[PDB]
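One is the number of the first residue; the rest follow in order along the sequence. Side chains are part of it too, since the values below use all heavy atoms of this structure and drop only hydrogens, waters and symmetry mates. Numbering of ligands and ligand atoms starts at 1, following listing order.
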Amino acid sequence: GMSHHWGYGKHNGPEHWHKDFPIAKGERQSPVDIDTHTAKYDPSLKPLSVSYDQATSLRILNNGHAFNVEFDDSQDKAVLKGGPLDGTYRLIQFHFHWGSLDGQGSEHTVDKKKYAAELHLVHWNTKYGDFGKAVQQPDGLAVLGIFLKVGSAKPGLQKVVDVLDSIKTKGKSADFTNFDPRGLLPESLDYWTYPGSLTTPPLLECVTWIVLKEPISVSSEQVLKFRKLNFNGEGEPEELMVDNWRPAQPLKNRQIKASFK
Ligand SMILES: Cc1cc(=O)oc2cc(CS(N)(=O)=O)ccc12
Ligand SMILES: [Zn+2]
């Protein structure tokens with residue numbers, strides 16, 4: 001990726017990605033709009049199992065696109081299973097996509113509604129040994145998506161908000177141990193699920209998407225901090241890190257299933 005130049009600006013944004021990553025116009029791209037009236041309840045979907053009690057966060061990184069909270073996935077600690085998944089998926093990192101204003105920022109939409117932001121907890125299928133091998137498989141990753149709306153503060157998110165000052169620019173990282181991701185979950189685990197892809201290049205079609213129906217609420221102050229981050233590196237002209245979301249892509253030959261009636 002040392003020669004990647006994609007981003008979210010007018011000249012290298014989502015509409016340009018297909019040039020270096022043809023799969024951008026593929027058959028199972030993400031995100032997508034979730035038409036609530038067309039999604040069908042699937043009584044055969046197992047309950048979702050989110051086991052994060054043993055999760056071990058290690059570091060937070062500004063990668064020039066978003067910020068990644070990374071976990072130690074060298075062992076089966078934090079795992080996602082059940083739901084539409086077969087097997088065990090290990091949590092490797094989480095990040096967000098957000099907007100310049102509260103009216104936009106999420107990648108998936110619900111009946112065309114855009115949320116202020118969207119949290120993605122990324123997990124890889126342990127049957128493939130490592131993340132690199134997993135992304136080359138149609139069932140290699142499981143990403144849990146959670147919508148954020150602006151209202152009351154999310155206590156569990158403040159530790160993340162407070163460390164952002166230390167990783168303002170691209171390439172900066174900071175120790176970030178003992179962060180509990182259970183603090184970012186809504187009360188209900190009802191979800192929609194469909195086969196899709198990574199939403200940033202390489203846009204690989206290796207993801208089983210699980211998007212929770214219940215959004216979490218974060219405060220204006222919390223999201224304002226996200227918007228103070230920079231896409232640029234230290235010493236460069238400031239480009240605020242905002243609107244780092246890819247818009248909804250064609251659903252094509254796919255069905256979105258609901259875990260609830
Ligand atoms: C670890 C990793 C490798 C890769 O090639 O692409 C990624 C894309 C995302 C963004 S998202 N929105 O698709 O989760 C997150 C993590 C990765
Ligand atoms: Zn993402």
Q: Answer yes if the ring centres of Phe179 and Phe71 are under 6.0 angstrom apart, and no otherwise.
A: no
(Q) Suppose I only count heavy atoms of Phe131 and a 4.0 Å limit; which atoms of ligand 1 are within that range? (A) 1 (C), 2 (C), 3 (C)
Q | Distance filter under 4.0 Å to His95 heavy atoms, resulting ligand 1 atoms | A | 10 (C), 11 (S), 12 (N), 14 (O), 15 (C)
Q.
Please confirm whether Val122 approaches ligand 1 to less than 4.0 Å, judged on its heavy atoms.
A. yes
**Q.** Heavy-atom gap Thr200 to ligand 1 smaller than 4.0 Å
**A.** yes
Q: Would you check if there is a donor-acceptor pair between the side chains of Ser106 and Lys114 at a distance under 3.5 Å?
A: no
Q. Any side-chain donor paired with an acceptor under 3.5 Å for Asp243 and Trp98?
A. no
Q.
Are any of the N/O atoms on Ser197, whether in the backbone or the side chain, positioned under 3.5 angstrom from an N/O atom of ligand 1?
A. no
Q) Which residue supplies the protein heavy atom nearest to atom 6 (O) of ligand 1, what is that atom called, and how far is it? A) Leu198 CD1, 3.5 Å
Q) In this structure, are over 12 heavy atoms from other groups packed under 6.0 Å from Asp53 atom CG? A) yes
Q) Hey, are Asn230 and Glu238 close enough side-chain-wise for a donor-acceptor pair under 3.5 Å? A) yes
Q | Intermediate values then yes/no, salt bridge (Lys or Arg N to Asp or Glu O under 4.0 Å), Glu205 and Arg28 | A | CA-CA 6 Å; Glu205 299 184 329; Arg28 53 175 285 182; 5.2 Å; no
Q: State whether the side chain of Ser30 and the backbone N or O of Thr199 hold a donor-acceptor pair below 3.5 Å, judged by distance alone.
A: no
Q) Do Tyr194 and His108 have side-chain atoms, one donor and one acceptor, less than 3.5 Å apart? A) yes
Q: Distance to 0.1 Å, residue and atom name: give those for the protein heavy atom nearest to atom 13 (O) of ligand 1.
A: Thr199 N, 2.8 Å
Q.
Before moving on, can you tell me the angle at the Zn ion (ligand 2) between the NE2 atom of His95 and the NE2 atom of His97, to the nearest 10 degrees?
A. 100°
Q) Quick one: which ligand 1 atoms are inside 4.0 Å of a heavy atom on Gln93? A) 15 (C), 16 (C)
Q: Answer yes or no: is there an ion pair linking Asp180 with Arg182, defined by an N-O contact shorter than 4.0 Å?
A: yes
**Q.** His120, N/O/S atom nearest the Zn ion (ligand 2)
**A.** ND1
(Q) Once you restrict to heavy atoms under 4.0 Å, what part of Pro202 touches ligand 1? Side chain, backbone, both or neither. (A) side chain
Q) What atoms in ligand 1 come closer than 4.0 Å to a heavy atom of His97? A) 12 (N)
Q: Please could you name the atoms of ligand 1 that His120 approaches to less than 4.0 Å, counting only its heavy atoms?
A: 12 (N)
Q.
Just to check, does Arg246 reach to within less than 4.0 Å of ligand 1 when the distance is taken from its heavy atoms?
A. no
